file my_file-v8.cif (mmCIF, N, CA and C atoms and all ligand atoms)
data_work
loop_
_atom_site.label_atom_id
_atom_site.label_comp_id
_atom_site.auth_asym_id
_atom_site.auth_seq_id
_atom_site.Cartn_x
_atom_site.Cartn_y
_atom_site.Cartn_z
N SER L 1 78.73 77.82 115.33
CA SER L 1 80.03 78.13 115.89
C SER L 1 80.23 77.39 117.21
N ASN L 2 79.80 76.13 117.26
CA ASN L 2 79.98 75.30 118.44
C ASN L 2 81.37 74.68 118.52
N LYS L 3 82.18 74.80 117.47
CA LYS L 3 83.47 74.14 117.40
C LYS L 3 84.63 75.02 117.85
N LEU L 4 84.42 76.32 118.02
CA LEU L 4 85.52 77.24 118.28
C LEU L 4 85.40 77.94 119.63
N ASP L 5 84.25 78.53 119.94
CA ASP L 5 84.11 79.33 121.15
C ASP L 5 83.57 78.55 122.34
N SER L 6 83.10 77.33 122.13
CA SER L 6 82.51 76.54 123.20
C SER L 6 83.60 76.05 124.14
N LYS L 7 83.67 76.65 125.32
CA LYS L 7 84.69 76.34 126.31
C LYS L 7 84.15 76.68 127.69
N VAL L 8 84.18 75.71 128.60
CA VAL L 8 83.64 75.92 129.93
C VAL L 8 84.65 76.67 130.79
N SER L 9 84.15 77.60 131.61
CA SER L 9 84.90 78.40 132.58
C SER L 9 85.99 79.23 131.90
N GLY L 10 85.55 80.08 130.98
CA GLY L 10 86.47 80.96 130.29
C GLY L 10 85.76 81.76 129.22
N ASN L 11 86.56 82.55 128.49
CA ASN L 11 86.12 83.42 127.40
C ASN L 11 85.05 84.41 127.85
N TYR L 12 85.36 85.17 128.90
CA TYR L 12 84.47 86.21 129.40
C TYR L 12 84.84 87.59 128.87
N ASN L 13 85.21 87.69 127.60
CA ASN L 13 85.56 88.98 127.01
C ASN L 13 84.41 89.61 126.24
N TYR L 14 83.40 88.82 125.87
CA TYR L 14 82.23 89.33 125.15
C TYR L 14 81.15 89.66 126.17
N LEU L 15 80.76 90.93 126.22
CA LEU L 15 79.98 91.49 127.32
C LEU L 15 78.72 92.12 126.75
N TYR L 16 77.55 91.73 127.25
CA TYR L 16 76.29 92.28 126.76
C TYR L 16 75.61 93.09 127.86
N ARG L 17 74.83 94.08 127.45
CA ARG L 17 74.09 94.95 128.36
C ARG L 17 72.60 94.82 128.09
N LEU L 18 71.77 95.26 129.04
CA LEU L 18 70.33 95.18 128.84
C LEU L 18 69.60 96.51 129.07
N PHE L 19 70.00 97.29 130.08
CA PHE L 19 69.25 98.48 130.47
C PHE L 19 70.16 99.70 130.52
N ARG L 20 69.61 100.84 130.11
CA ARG L 20 70.29 102.14 130.19
C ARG L 20 69.21 103.20 130.43
N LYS L 21 69.60 104.47 130.37
CA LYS L 21 68.70 105.56 130.72
C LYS L 21 67.62 105.76 129.66
N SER L 22 68.01 106.11 128.44
CA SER L 22 67.07 106.45 127.39
C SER L 22 67.23 105.51 126.20
N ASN L 23 66.18 105.41 125.40
CA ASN L 23 66.22 104.62 124.18
C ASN L 23 67.01 105.39 123.13
N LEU L 24 68.22 104.92 122.84
CA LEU L 24 69.13 105.65 121.97
C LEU L 24 68.74 105.44 120.51
N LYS L 25 69.10 106.40 119.65
CA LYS L 25 68.69 106.40 118.26
C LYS L 25 69.36 105.25 117.49
N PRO L 26 68.75 104.79 116.39
CA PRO L 26 69.32 103.65 115.65
C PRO L 26 70.66 103.96 115.01
N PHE L 27 71.49 102.91 114.93
CA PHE L 27 72.85 102.95 114.35
C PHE L 27 73.74 103.97 115.05
N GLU L 28 73.79 103.89 116.38
CA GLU L 28 74.61 104.76 117.21
C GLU L 28 75.64 103.92 117.95
N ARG L 29 76.84 104.46 118.10
CA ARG L 29 77.93 103.75 118.76
C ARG L 29 77.68 103.67 120.26
N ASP L 30 78.05 102.54 120.86
CA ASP L 30 77.91 102.32 122.30
C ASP L 30 79.30 102.42 122.93
N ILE L 31 79.52 103.48 123.71
CA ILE L 31 80.81 103.73 124.34
C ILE L 31 80.69 103.78 125.86
N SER L 32 79.68 104.47 126.38
CA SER L 32 79.60 104.80 127.79
C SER L 32 79.34 103.57 128.65
N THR L 33 80.08 103.46 129.75
CA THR L 33 79.98 102.34 130.67
C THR L 33 79.88 102.88 132.10
N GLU L 34 79.01 103.87 132.29
CA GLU L 34 78.66 104.34 133.62
C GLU L 34 77.32 103.74 134.04
N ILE L 35 77.14 103.62 135.36
CA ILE L 35 76.00 102.88 135.90
C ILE L 35 74.76 103.76 135.90
N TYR L 36 73.60 103.14 135.69
CA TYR L 36 72.31 103.82 135.80
C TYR L 36 71.89 103.96 137.26
N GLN L 37 71.43 105.16 137.61
CA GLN L 37 70.90 105.40 138.94
C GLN L 37 69.45 104.92 139.04
N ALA L 38 69.07 104.46 140.24
CA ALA L 38 67.73 103.92 140.43
C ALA L 38 66.66 105.01 140.51
N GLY L 39 67.04 106.27 140.66
CA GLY L 39 66.08 107.36 140.72
C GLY L 39 65.63 107.69 142.12
N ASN L 40 65.23 106.68 142.89
CA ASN L 40 64.79 106.91 144.26
C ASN L 40 65.98 107.13 145.19
N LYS L 41 67.11 106.49 144.90
CA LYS L 41 68.29 106.65 145.74
C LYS L 41 69.46 107.20 144.94
N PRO L 42 70.34 108.00 145.56
CA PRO L 42 71.51 108.51 144.84
C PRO L 42 72.59 107.45 144.63
N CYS L 43 72.46 106.66 143.57
CA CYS L 43 73.41 105.60 143.28
C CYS L 43 74.75 106.19 142.84
N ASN L 44 75.82 105.75 143.49
CA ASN L 44 77.18 106.17 143.18
C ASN L 44 78.11 105.00 142.92
N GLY L 45 78.00 103.93 143.70
CA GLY L 45 78.80 102.73 143.53
C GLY L 45 77.94 101.49 143.56
N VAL L 46 78.24 100.57 144.48
CA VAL L 46 77.35 99.44 144.71
C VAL L 46 76.09 99.93 145.42
N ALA L 47 74.93 99.67 144.81
CA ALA L 47 73.69 100.28 145.27
C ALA L 47 72.60 99.25 145.52
N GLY L 48 71.38 99.72 145.76
CA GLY L 48 70.26 98.87 146.11
C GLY L 48 69.13 98.98 145.11
N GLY A 1 71.41 107.00 106.73
CA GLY A 1 72.69 106.34 106.55
C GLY A 1 73.53 106.83 105.40
N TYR A 2 73.29 108.06 104.92
CA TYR A 2 74.03 108.63 103.80
C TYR A 2 74.31 110.09 104.08
N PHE A 3 75.56 110.50 103.92
CA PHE A 3 75.98 111.87 104.19
C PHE A 3 75.83 112.68 102.90
N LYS A 4 74.78 113.49 102.83
CA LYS A 4 74.50 114.32 101.67
C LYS A 4 75.01 115.74 101.91
N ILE A 5 75.77 116.25 100.94
CA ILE A 5 76.34 117.59 100.99
C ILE A 5 75.90 118.33 99.73
N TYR A 6 75.15 119.41 99.92
CA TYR A 6 74.68 120.25 98.82
C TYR A 6 75.35 121.62 98.93
N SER A 7 75.88 122.12 97.82
CA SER A 7 76.57 123.41 97.81
C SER A 7 76.22 124.18 96.55
N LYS A 8 76.36 125.50 96.63
CA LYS A 8 76.10 126.37 95.49
C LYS A 8 76.91 127.65 95.66
N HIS A 9 77.67 128.01 94.63
CA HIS A 9 78.55 129.17 94.66
C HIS A 9 77.84 130.32 93.95
N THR A 10 77.70 131.44 94.65
CA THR A 10 77.05 132.63 94.11
C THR A 10 77.87 133.87 94.46
N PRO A 11 78.32 134.63 93.47
CA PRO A 11 79.09 135.84 93.77
C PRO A 11 78.18 136.95 94.29
N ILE A 12 78.56 137.53 95.43
CA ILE A 12 77.78 138.59 96.04
C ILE A 12 78.69 139.71 96.53
N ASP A 13 74.13 139.84 106.66
CA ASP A 13 72.79 139.48 106.22
C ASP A 13 72.83 138.63 104.95
N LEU A 14 71.88 137.71 104.83
CA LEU A 14 71.81 136.92 103.61
C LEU A 14 71.21 137.76 102.48
N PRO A 15 71.82 137.74 101.30
CA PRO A 15 71.29 138.55 100.20
C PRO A 15 70.06 137.91 99.58
N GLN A 16 69.21 138.77 99.01
CA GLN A 16 67.97 138.33 98.42
C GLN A 16 68.22 137.64 97.08
N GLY A 17 67.24 136.84 96.66
CA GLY A 17 67.28 136.06 95.45
C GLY A 17 66.97 134.61 95.76
N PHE A 18 67.31 133.74 94.82
CA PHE A 18 67.11 132.31 95.02
C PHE A 18 68.19 131.56 94.25
N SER A 19 68.73 130.51 94.87
CA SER A 19 69.77 129.70 94.25
C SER A 19 69.61 128.28 94.77
N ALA A 20 69.29 127.35 93.88
CA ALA A 20 69.08 125.96 94.26
C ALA A 20 70.42 125.29 94.51
N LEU A 21 70.59 124.72 95.71
CA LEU A 21 71.86 124.11 96.07
C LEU A 21 72.01 122.76 95.38
N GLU A 22 73.03 122.64 94.54
CA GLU A 22 73.32 121.42 93.82
C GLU A 22 74.08 120.44 94.72
N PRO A 23 73.83 119.14 94.58
CA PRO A 23 74.57 118.15 95.38
C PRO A 23 76.02 118.07 94.93
N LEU A 24 76.93 118.13 95.90
CA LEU A 24 78.36 118.10 95.62
C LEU A 24 78.96 116.70 95.74
N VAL A 25 78.88 116.09 96.92
CA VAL A 25 79.33 114.72 97.14
C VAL A 25 78.25 113.99 97.93
N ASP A 26 78.33 112.66 97.89
CA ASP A 26 77.43 111.78 98.65
C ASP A 26 78.36 110.72 99.24
N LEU A 27 78.66 110.85 100.54
CA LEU A 27 79.60 109.94 101.19
C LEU A 27 78.85 108.77 101.81
N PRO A 28 79.23 107.52 101.50
CA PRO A 28 78.34 106.38 101.78
C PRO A 28 78.44 105.81 103.19
N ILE A 29 79.10 106.52 104.10
CA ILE A 29 79.20 106.03 105.47
C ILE A 29 77.90 106.34 106.20
N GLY A 30 77.60 105.55 107.24
CA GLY A 30 76.39 105.75 108.02
C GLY A 30 76.68 106.08 109.47
N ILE A 31 77.67 106.95 109.71
CA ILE A 31 78.11 107.26 111.06
C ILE A 31 77.08 108.15 111.74
N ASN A 32 76.90 107.95 113.05
CA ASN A 32 75.93 108.68 113.83
C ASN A 32 76.47 110.04 114.25
N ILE A 33 75.63 111.07 114.09
CA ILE A 33 76.00 112.45 114.39
C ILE A 33 74.96 113.03 115.34
N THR A 34 75.42 113.58 116.46
CA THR A 34 74.56 114.19 117.46
C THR A 34 74.82 115.68 117.63
N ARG A 35 76.08 116.10 117.65
CA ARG A 35 76.45 117.51 117.66
C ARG A 35 77.43 117.78 116.52
N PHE A 36 77.69 119.06 116.26
CA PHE A 36 78.53 119.46 115.14
C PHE A 36 79.30 120.72 115.50
N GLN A 37 80.47 120.88 114.89
CA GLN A 37 81.39 121.97 115.20
C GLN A 37 81.74 122.72 113.92
N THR A 38 82.31 123.91 114.09
CA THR A 38 82.87 124.69 113.00
C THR A 38 84.27 125.15 113.39
N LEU A 39 85.10 125.41 112.37
CA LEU A 39 86.50 125.75 112.58
C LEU A 39 86.86 126.99 111.78
N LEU A 40 87.71 127.83 112.36
CA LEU A 40 88.16 129.07 111.75
C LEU A 40 89.68 129.11 111.74
N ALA A 41 90.23 130.21 111.22
CA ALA A 41 91.67 130.35 111.06
C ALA A 41 92.08 131.79 111.32
N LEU A 42 93.34 131.96 111.74
CA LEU A 42 93.90 133.27 112.03
C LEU A 42 95.40 133.22 111.78
N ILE P 1 88.74 132.30 105.02
CA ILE P 1 89.02 132.11 106.44
C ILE P 1 88.74 130.68 106.86
N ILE P 2 87.52 130.20 106.62
CA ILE P 2 87.12 128.87 107.08
C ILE P 2 87.72 127.81 106.16
N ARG P 3 88.45 126.86 106.74
CA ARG P 3 89.14 125.82 105.99
C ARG P 3 88.78 124.43 106.50
N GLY P 4 87.51 124.18 106.78
CA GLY P 4 87.10 122.83 107.10
C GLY P 4 86.05 122.79 108.18
N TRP P 5 85.45 121.61 108.34
CA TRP P 5 84.43 121.37 109.35
C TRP P 5 84.57 119.95 109.89
N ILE P 6 84.47 119.83 111.22
CA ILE P 6 84.67 118.57 111.92
C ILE P 6 83.42 118.24 112.72
N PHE P 7 82.81 117.09 112.43
CA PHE P 7 81.57 116.67 113.07
C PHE P 7 81.78 115.37 113.83
N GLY P 8 80.97 115.18 114.86
CA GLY P 8 81.05 113.98 115.67
C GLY P 8 80.35 114.17 116.99
N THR P 9 80.02 113.04 117.61
CA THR P 9 79.28 113.04 118.87
C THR P 9 80.17 113.25 120.09
N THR P 10 81.48 113.07 119.96
CA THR P 10 82.38 113.19 121.10
C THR P 10 83.68 113.84 120.64
N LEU P 11 84.26 114.66 121.52
CA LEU P 11 85.51 115.34 121.19
C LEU P 11 86.72 114.43 121.38
N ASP P 12 86.60 113.43 122.24
CA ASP P 12 87.70 112.50 122.47
C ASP P 12 87.72 111.45 121.36
N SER P 13 88.65 110.49 121.46
CA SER P 13 88.76 109.41 120.50
C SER P 13 87.88 108.21 120.86
N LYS P 14 86.78 108.45 121.57
CA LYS P 14 85.91 107.37 122.02
C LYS P 14 85.07 106.81 120.87
N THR P 15 84.77 107.62 119.86
CA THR P 15 84.01 107.17 118.71
C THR P 15 84.62 107.76 117.45
N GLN P 16 84.27 107.16 116.31
CA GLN P 16 84.82 107.57 115.02
C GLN P 16 84.10 108.83 114.55
N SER P 17 84.66 109.99 114.87
CA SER P 17 84.10 111.25 114.43
C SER P 17 84.57 111.58 113.02
N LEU P 18 83.83 112.47 112.36
CA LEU P 18 84.04 112.81 110.97
C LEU P 18 84.92 114.05 110.87
N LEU P 19 85.81 114.05 109.88
CA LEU P 19 86.79 115.12 109.72
C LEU P 19 86.87 115.50 108.25
N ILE P 20 86.43 116.72 107.93
CA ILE P 20 86.62 117.30 106.61
C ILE P 20 87.41 118.59 106.74
N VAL P 21 88.64 118.60 106.25
CA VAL P 21 89.46 119.81 106.19
C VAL P 21 89.63 120.21 104.73
N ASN P 22 89.67 121.52 104.50
CA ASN P 22 89.83 122.07 103.16
C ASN P 22 91.25 122.62 103.00
N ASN P 23 91.82 122.40 101.82
CA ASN P 23 93.18 122.83 101.52
C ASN P 23 93.17 123.64 100.22
N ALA P 24 94.36 124.00 99.75
CA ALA P 24 94.47 124.85 98.57
C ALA P 24 94.29 124.08 97.27
N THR P 25 94.44 122.76 97.29
CA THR P 25 94.34 121.97 96.06
C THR P 25 93.41 120.76 96.16
N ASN P 26 93.05 120.31 97.36
CA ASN P 26 92.22 119.12 97.50
C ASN P 26 91.48 119.18 98.82
N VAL P 27 90.51 118.27 98.98
CA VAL P 27 89.76 118.11 100.21
C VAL P 27 89.96 116.69 100.72
N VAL P 28 90.42 116.57 101.96
CA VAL P 28 90.65 115.28 102.60
C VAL P 28 89.48 114.99 103.53
N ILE P 29 88.83 113.85 103.33
CA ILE P 29 87.68 113.44 104.14
C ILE P 29 87.99 112.09 104.77
N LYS P 30 87.97 112.03 106.10
CA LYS P 30 88.20 110.79 106.81
C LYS P 30 87.40 110.80 108.11
N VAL P 31 86.65 109.72 108.32
CA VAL P 31 85.81 109.56 109.51
C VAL P 31 86.47 108.48 110.35
N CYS P 32 87.46 108.87 111.16
CA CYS P 32 88.29 107.86 111.80
C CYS P 32 88.93 108.33 113.10
N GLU P 33 88.16 109.03 113.95
CA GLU P 33 88.42 109.15 115.40
C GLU P 33 89.71 109.92 115.72
N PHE P 34 89.75 111.19 115.33
CA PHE P 34 90.83 112.06 115.79
C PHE P 34 90.47 112.66 117.14
N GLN P 35 91.49 113.01 117.93
CA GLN P 35 91.25 113.70 119.19
C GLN P 35 90.98 115.18 118.93
N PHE P 36 90.05 115.75 119.70
CA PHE P 36 89.63 117.13 119.50
C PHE P 36 89.57 117.82 120.86
N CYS P 37 90.24 118.96 120.96
CA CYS P 37 90.22 119.74 122.19
C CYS P 37 89.11 120.80 122.12
N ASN P 38 89.10 121.71 123.09
CA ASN P 38 88.13 122.80 123.06
C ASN P 38 88.51 123.87 122.05
N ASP P 39 89.79 123.93 121.67
CA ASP P 39 90.29 124.99 120.81
C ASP P 39 90.61 124.39 119.44
N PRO P 40 89.94 124.80 118.37
CA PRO P 40 90.30 124.32 117.03
C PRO P 40 91.60 124.95 116.55
N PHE P 41 92.22 124.32 115.55
CA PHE P 41 93.47 124.83 115.03
C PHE P 41 93.23 126.05 114.14
N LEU P 42 94.08 127.06 114.30
CA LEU P 42 93.93 128.36 113.65
C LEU P 42 95.18 128.62 112.81
N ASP P 43 95.13 128.22 111.54
CA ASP P 43 96.26 128.44 110.64
C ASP P 43 95.94 129.54 109.63
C1 LIG L 101 89.05 103.04 117.08
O1 LIG L 101 88.97 102.57 118.45
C2 LIG L 101 87.93 103.19 119.22
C3 LIG L 101 88.07 102.69 120.65
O2 LIG L 101 89.12 101.74 120.77
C4 LIG L 101 86.57 102.85 118.60
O3 LIG L 101 85.55 103.49 119.35
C5 LIG L 101 86.54 103.34 117.16
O4 LIG L 101 85.31 102.97 116.54
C6 LIG L 101 87.71 102.76 116.36
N1 LIG L 101 87.72 103.30 115.01
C7 LIG L 101 87.35 102.63 113.91
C8 LIG L 101 86.90 101.20 114.11
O5 LIG L 101 87.38 103.14 112.79
#
call {"tool": "encode", "arguments": {"input": "my_file-v8.cif", "output": "structure tokens"}}
result
Amino acid sequence: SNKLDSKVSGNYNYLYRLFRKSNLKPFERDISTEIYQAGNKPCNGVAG
Amino acid sequence: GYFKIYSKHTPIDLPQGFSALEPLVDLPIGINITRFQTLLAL
Amino acid sequence: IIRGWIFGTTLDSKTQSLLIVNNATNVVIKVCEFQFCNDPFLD
């Protein structure tokens, strides 16, 4: 698919994630887009 | 990944005896279920 | 009294929850994200 989606400086609608709280069960829908807290600090917005 | 529904109709605390629940429908969707609800009427 | 059962992981329309309602002549089954409040319908 190098002929259709390959475009520099654009097409930022496809969004991937890497880390969350728990390992969720297989074939489960991904809806939630709240941030993970670091545990040591009370993360609420931009954190450390 | 398969929704199995087993039912058995018996004319009658749970009453004593035994009745093997026969499969009614098998719905081929594989939707994820974590909690479940019940509904009543008035 | 009981005329159906509704299953799903969320009460809102965030995911495709399952809906089985029972009627007097047929059963309608659709897993397609209806909104659900705290109070079920009482007919
Ligand atoms: C309907 O849209 C919602 C959010 O837009 C989505 O979570 C759900 O899976 C959709 N229902 C389908 C594809 O049946």
call {"tool": "interface_residues", "arguments": {"input": "my_file-v8.cif", "of": "chain A", "to": "chain L", "cutoff": "7 Å", "atoms": "all atoms listed in the file", "output": "MDAnalysis selection string"}}
result
chainID A and resid 30:32
call {"tool": "axis_aligned_box", "arguments": {"input": "my_file-v8.cif", "around": "ligand LIG 101 (chain L)", "padding_each_side": "3 Å", "output": "AutoDock Vina command-line options"}}
result
--center_x 87.2 --center_y 102.3 --center_z 116.8 --size_x 9.8 --size_y 8.3 --size_z 14.0
call {"tool": "residues_near_ligand", "arguments": {"input": "my_file-v8.cif", "ligand": "ligand LIG 101 (chain L)", "cutoff": "7 Å", "atoms": "all atoms listed in the file", "output": "PyMOL selection string"}}
result
(chain L and resi 31) or (chain P and resi 13-16+31-33)
call {"tool": "atom_distance", "arguments": {"input": "my_file-v8.cif", "atom1": "atom C of residue L:41", "atom2": "atom C of residue A:34"}}
result
29.1 Å
call {"tool": "residues_around", "arguments": {"input": "my_file-v8.cif", "residues": "residue L:21", "least_positions_apart": "6", "cutoff": "8 Å", "atoms": "only N, CA and C atoms", "output": "PyMOL selection string"}}
result
chain L and resi 35-37
call {"tool": "decode", "arguments": {"input": "my_file-v8.cif", "residues": "stretch 1-37 of chain P", "atoms": "N, CA and C atoms", "output": "tab-separated table (two decimals), in the first residue's frame"}}
result
chain	number	residue	atom	x	y	z
P	1	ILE	N	-43.48	-11.87	33.11
P	1	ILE	CA	-42.97	-10.59	33.56
P	1	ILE	C	-41.72	-10.19	32.77
P	2	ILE	N	-40.71	-11.06	32.76
P	2	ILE	CA	-39.44	-10.74	32.12
P	2	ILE	C	-39.58	-10.90	30.61
P	3	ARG	N	-39.25	-9.83	29.87
P	3	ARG	CA	-39.39	-9.80	28.42
P	3	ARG	C	-38.09	-9.41	27.74
P	4	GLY	N	-36.97	-9.94	28.18
P	4	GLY	CA	-35.73	-9.74	27.46
P	4	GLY	C	-34.55	-9.56	28.38
P	5	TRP	N	-33.36	-9.61	27.78
P	5	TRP	CA	-32.10	-9.45	28.50
P	5	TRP	C	-31.11	-8.70	27.61
P	6	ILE	N	-30.41	-7.74	28.21
P	6	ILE	CA	-29.48	-6.86	27.50
P	6	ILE	C	-28.10	-6.98	28.14
P	7	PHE	N	-27.11	-7.39	27.35
P	7	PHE	CA	-25.76	-7.61	27.83
P	7	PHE	C	-24.78	-6.69	27.12
P	8	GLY	N	-23.69	-6.37	27.80
P	8	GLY	CA	-22.68	-5.51	27.24
P	8	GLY	C	-21.76	-4.98	28.31
P	9	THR	N	-20.59	-4.51	27.88
P	9	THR	CA	-19.57	-4.02	28.79
P	9	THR	C	-19.78	-2.57	29.20
P	10	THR	N	-20.61	-1.81	28.49
P	10	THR	CA	-20.81	-0.40	28.78
P	10	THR	C	-22.28	-0.05	28.55
P	11	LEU	N	-22.80	0.84	29.38
P	11	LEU	CA	-24.19	1.26	29.25
P	11	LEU	C	-24.37	2.31	28.16
P	12	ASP	N	-23.32	3.07	27.86
P	12	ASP	CA	-23.39	4.08	26.82
P	12	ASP	C	-23.23	3.42	25.45
P	13	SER	N	-23.23	4.24	24.39
P	13	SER	CA	-23.05	3.76	23.03
P	13	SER	C	-21.58	3.68	22.63
P	14	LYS	N	-20.68	3.49	23.61
P	14	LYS	CA	-19.25	3.47	23.34
P	14	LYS	C	-18.82	2.17	22.67
P	15	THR	N	-19.54	1.07	22.92
P	15	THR	CA	-19.23	-0.21	22.30
P	15	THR	C	-20.53	-0.88	21.88
P	16	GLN	N	-20.40	-1.87	21.01
P	16	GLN	CA	-21.56	-2.58	20.47
P	16	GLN	C	-22.05	-3.60	21.49
P	17	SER	N	-22.99	-3.19	22.33
P	17	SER	CA	-23.57	-4.09	23.31
P	17	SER	C	-24.69	-4.93	22.68
P	18	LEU	N	-25.00	-6.04	23.34
P	18	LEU	CA	-25.93	-7.03	22.83
P	18	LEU	C	-27.32	-6.76	23.39
P	19	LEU	N	-28.34	-6.95	22.55
P	19	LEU	CA	-29.72	-6.64	22.90
P	19	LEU	C	-30.62	-7.78	22.44
P	20	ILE	N	-31.20	-8.50	23.40
P	20	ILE	CA	-32.23	-9.49	23.13
P	20	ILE	C	-33.50	-9.11	23.88
P	21	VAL	N	-34.54	-8.71	23.16
P	21	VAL	CA	-35.85	-8.45	23.74
P	21	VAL	C	-36.82	-9.52	23.26
P	22	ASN	N	-37.74	-9.89	24.14
P	22	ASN	CA	-38.75	-10.90	23.84
P	22	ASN	C	-40.10	-10.23	23.63
P	23	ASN	N	-40.85	-10.73	22.65
P	23	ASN	CA	-42.15	-10.19	22.30
P	23	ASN	C	-43.18	-11.31	22.29
P	24	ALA	N	-44.40	-10.99	21.86
P	24	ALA	CA	-45.48	-11.96	21.89
P	24	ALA	C	-45.44	-12.94	20.73
P	25	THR	N	-44.72	-12.61	19.65
P	25	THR	CA	-44.69	-13.48	18.48
P	25	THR	C	-43.29	-13.78	17.96
P	26	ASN	N	-42.26	-13.02	18.34
P	26	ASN	CA	-40.92	-13.23	17.81
P	26	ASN	C	-39.90	-12.69	18.81
P	27	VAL	N	-38.64	-13.03	18.57
P	27	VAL	CA	-37.51	-12.53	19.36
P	27	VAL	C	-36.57	-11.78	18.42
P	28	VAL	N	-36.29	-10.53	18.76
P	28	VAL	CA	-35.38	-9.69	17.99
P	28	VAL	C	-34.03	-9.66	18.69
P	29	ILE	N	-32.98	-10.03	17.97
P	29	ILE	CA	-31.62	-10.06	18.50
P	29	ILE	C	-30.74	-9.16	17.64
P	30	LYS	N	-30.14	-8.15	18.26
P	30	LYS	CA	-29.24	-7.26	17.56
P	30	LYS	C	-28.16	-6.77	18.53
P	31	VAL	N	-26.91	-6.90	18.10
P	31	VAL	CA	-25.75	-6.50	18.89
P	31	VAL	C	-25.19	-5.26	18.21
P	32	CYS	N	-25.75	-4.09	18.52
P	32	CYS	CA	-25.42	-2.92	17.72
P	32	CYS	C	-25.59	-1.60	18.48
P	33	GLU	N	-25.15	-1.55	19.74
P	33	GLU	CA	-24.79	-0.30	20.44
P	33	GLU	C	-25.99	0.62	20.69
P	34	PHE	N	-26.96	0.14	21.46
P	34	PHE	CA	-28.02	1.01	21.94
P	34	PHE	C	-27.59	1.72	23.22
P	35	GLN	N	-28.15	2.90	23.47
P	35	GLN	CA	-27.89	3.60	24.72
P	35	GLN	C	-28.72	2.99	25.85
P	36	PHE	N	-28.12	2.90	27.03
P	36	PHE	CA	-28.76	2.26	28.17
P	36	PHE	C	-28.58	3.13	29.40
P	37	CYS	N	-29.68	3.44	30.07
P	37	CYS	CA	-29.63	4.24	31.29
P	37	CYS	C	-29.57	3.31	32.51
